[PDB]
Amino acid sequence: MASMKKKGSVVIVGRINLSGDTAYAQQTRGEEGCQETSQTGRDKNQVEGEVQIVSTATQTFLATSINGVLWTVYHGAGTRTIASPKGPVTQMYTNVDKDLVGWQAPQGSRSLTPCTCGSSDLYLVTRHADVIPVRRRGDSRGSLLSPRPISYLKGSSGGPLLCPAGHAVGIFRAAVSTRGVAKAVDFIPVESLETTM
């Protein structure tokens, strides 16, 4: 018992910049600082933007701010706290059935507005700052206009699906794949977030 380890915090290690005319990834913390911040849960780095790149000791993925909550996937974060300037912050939402978790949105983050457009022309934002056109095919499914190998989508779970007007439509959850090629995506609808809240 005395030698039992604690899992570390999720750590924001960068962001996807969507503020201007060009989307691009920025790293804000390197691997050493990340490992150490994971252990302490103390992250004093300034946070900006809607889409964060996050990491544990073992995985890296994305997290998206919507309505004052920083949302990501349970298969990434598990029940982990997130590092903040005042120490580890406990999850405010946890739903393993939806593969969804959430913490209060960090100071300096900006939140996306939930979509009410009723539109099916969507855009997936990846951890490499690619903006991929996606046609909505159901409540939780969208098809890639141009299929990609799953390699291209790996590490982008927790990322947003956006409508043409930049509203959040959903959170990227899983890739629908055949023979290693992603032809569609599964996402957590923003309504399901709104209900979870």
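Each residue number is its position in the shown sequence, starting from 1.
Asker: Which wins on mean Cα temperature factor, 2 to 10 or 186 to 194?
Answerer: Of 186 to 194 and 2 to 10, the stretch with the higher C-alpha B-factor average is 2 to 10.
Asker: Between 33 to 41 and 166 to 174, which has the higher average C-alpha B-factor in the PDB entry?
Answerer: Mean C-alpha B-factor is greater for 33 to 41.
Asker: Could you say which of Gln59, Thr28, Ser157, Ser146 has its CA atom at the highest B factor, as listed in the PDB entry?
Answerer: So the option with the highest C-alpha B-factor is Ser146.
Asker: Ranking every modelled residue in this chain by its Cα temperature factor as given in the entry, which third contains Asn95?
Answerer: Ranked within chain, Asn95 CA B lands in the lowest tercile.
Asker: Ordered by C-alpha B-factor within the chain, which third holds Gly142? Give me lowest, middle or highest, please.
Answerer: Ranked within chain, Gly142 CA B lands in the lowest tercile.
Asker: In terms of the chain's CA B-factor thirds, is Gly108 lowest, middle or highest?
Answerer: For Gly108, whose C-alpha B-factor we compare with every modelled residue in the chain, the answer is the middle third.
Asker: Quick check for you: using the entry's CA B-factors within this chain, is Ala63 in the lowest, middle or highest third?
Answerer: Its C-alpha B-factor, which the entry lists for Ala63, ranks in the lowest third among residues of this chain.
Asker: Quick one: classify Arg127 as lowest, middle or highest third of the chain based on its Cα B-factor.
Answerer: Middle third.
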